[PDB]
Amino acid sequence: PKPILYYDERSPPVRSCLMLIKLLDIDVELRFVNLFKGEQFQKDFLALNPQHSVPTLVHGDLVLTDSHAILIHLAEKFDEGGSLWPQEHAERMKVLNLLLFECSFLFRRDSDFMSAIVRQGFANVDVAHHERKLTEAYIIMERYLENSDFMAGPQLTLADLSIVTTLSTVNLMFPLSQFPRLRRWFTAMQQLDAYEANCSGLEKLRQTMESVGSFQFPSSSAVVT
């Protein structure tokens, strides 16, 4: 049976799975769950994923409720032996380490900021506080890239797919002027054909946030190529 992806493309971790699906030409059925309309609290979706989060994948009997498990599962099933989720143990641990950085640090901080805008309205958010927390994530990713061309080594891996979507979301608000390696890496990701899967949801998230939060992102911040 073909994988079923419950999704809202405004979500960065959803867009990471959409990028992998495009990169590998995976046939997947998409089922939209509108997060800003609260459809993730619908009783049948809650029964499927009590964390009420997207992406959720159903593939046969398997139900995955975290983008990072979804990326790993799809790579193992549709890129066997590939370099996205590498075969050598130490290389694979490095990718796993960076996936968890995305989950535990970069996404956590971007979610904290964006959730505050939705709950409080932009004018009531302590933007300076979130600028510090997210610039700290920029600094860390800049350090990762001072060693390798890609986040987890010399070539594109699942870590880049996970990180680039949330990075593009942070960068709607906060500029990358001071981060040359991060800008070089982001520019290169934007040249990838798979990056087309990030574009639509990023823009829909931009429009939704500006509406619900009653503000405008500074147009000069976002890196476009």
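The first residue of the sequence shown is number 1, and the count goes up from there.
Higher average CA B factor: 21 to 29, of the stretches 21 to 29 and 204 to 212. Higher mean CA B-factor, judged across 36 to 44 and 165 to 173 from the recorded values: 36 to 44. Out of 115, 124, 97, 135, it is 124 whose C-alpha atom has the highest B-factor in the PDB entry.
Across the options 91, 76, 149, 110, the residue with the most elevated CA B-factor in the record is 149. Compared with the other modelled residues of the chain, the Cα B-factor recorded for residue 59 ranks in the highest third. Ranked by Cα temperature factor within the chain, residue 159 sits in the lowest third according to the deposited record. Sorting the modelled residues of the chain by their CA temperature factor places residue 191 in the highest third.
Split the chain's modelled residues into thirds by C-alpha temperature factor. Residue 145 is in the middle one.
The deposited CA B-factor of residue 49 belongs to the highest third of values across its chain.
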